[PDB]
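Notes follow once the structure below has been shown.
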Amino acid sequence: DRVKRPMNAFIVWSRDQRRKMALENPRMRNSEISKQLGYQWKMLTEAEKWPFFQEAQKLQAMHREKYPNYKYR
DNA sequence: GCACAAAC
DNA sequence: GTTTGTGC
């Protein structure tokens, strides 16, 4: 049925990026950290792209090559 | 448009 | 309460 899927390049930010928001703002009332990241997307910081994108490339490549024609259902 | 993952 | 990326 469902194939396994590693973290998405988007949740990757969540992992480390969010840790930054948790330091100075460990108490967010509403879901602001959500619409806030949207602002970062219209202005992606290269300091965060190049670093983890190189790895995220092969993660997808391996599992992808194991399920070529297998698609969501 | 549908299906999945994580954490505040 | 919610965001987004990937594939057709």
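The chains in the structure tokens are called A, B, ... from first to last as shown; in each chain the residues are counted from 1, and the ligands are counted from 1 in the order shown.
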
Contacts of residue A:3 within 9 Å, only C-alpha atoms (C1' of nucleotides), excl. fewer than 3 positions in-chain, as a list in words: residues 67, 70, 71 and 72 of chain A; 4 of chain B

Would you tabulate, counting only C-alpha atoms (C1' of nucleotides), all residues of chain B that have an atom at most 7 Å from an atom of chain A, showing the closest pair of atoms and their distance in Å to one decimal, sorted by chain then ascending number, as a Markdown table?
| residue | atom | partner | partner_atom | distance |
| --- | --- | --- | --- | --- |
| B:3 | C1' | A:72 | CA | 6.1 |
| B:5 | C1' | A:7 | CA | 6.4 |
| B:6 | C1' | A:11 | CA | 6.5 |

Take the residues that were just selected and, keeping N, CA and C atoms (P, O5', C5', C4', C3', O3' and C1' of nucleotides), output them as a PDB file, in the first residue's frame.
ATOM      1  P    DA B   3      -7.043  10.975   0.334  1.00  0.00           P
ATOM      2  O5'  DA B   3      -5.503  10.526   0.203  1.00  0.00           O
ATOM      3  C5'  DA B   3      -5.160   9.145   0.056  1.00  0.00           C
ATOM      4  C4'  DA B   3      -3.687   8.886   0.378  1.00  0.00           C
ATOM      5  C3'  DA B   3      -3.295   9.413   1.762  1.00  0.00           C
ATOM      6  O3'  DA B   3      -3.073   8.335   2.676  1.00  0.00           O
ATOM      7  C1'  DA B   3      -1.776  10.253   0.052  1.00  0.00           C
ATOM      8  P    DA B   5       2.328   8.948   7.862  1.00  0.00           P
ATOM      9  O5'  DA B   5       3.576   9.967   7.926  1.00  0.00           O
ATOM     10  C5'  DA B   5       4.914   9.481   7.787  1.00  0.00           C
ATOM     11  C4'  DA B   5       5.911  10.611   7.507  1.00  0.00           C
ATOM     12  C3'  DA B   5       6.236  11.433   8.768  1.00  0.00           C
ATOM     13  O3'  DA B   5       5.891  10.755   9.986  1.00  0.00           O
ATOM     14  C1'  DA B   5       5.278  12.860   7.088  1.00  0.00           C
ATOM     15  P    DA B   6       5.545  11.574  11.332  1.00  0.00           P
ATOM     16  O5'  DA B   6       6.462  12.891  11.190  1.00  0.00           O
ATOM     17  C5'  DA B   6       7.853  12.877  11.519  1.00  0.00           C
ATOM     18  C4'  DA B   6       8.306  14.236  12.067  1.00  0.00           C
ATOM     19  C3'  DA B   6       7.710  14.527  13.450  1.00  0.00           C
ATOM     20  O3'  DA B   6       8.739  14.605  14.438  1.00  0.00           O
ATOM     21  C1'  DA B   6       7.087  16.267  11.854  1.00  0.00           C
TER      22       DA B   6
END

Quick one: which residues from chain C are at most 6 Å off chain A, using only C-alpha atoms (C1' of nucleotides), as number ranges by chain? C: 3-5
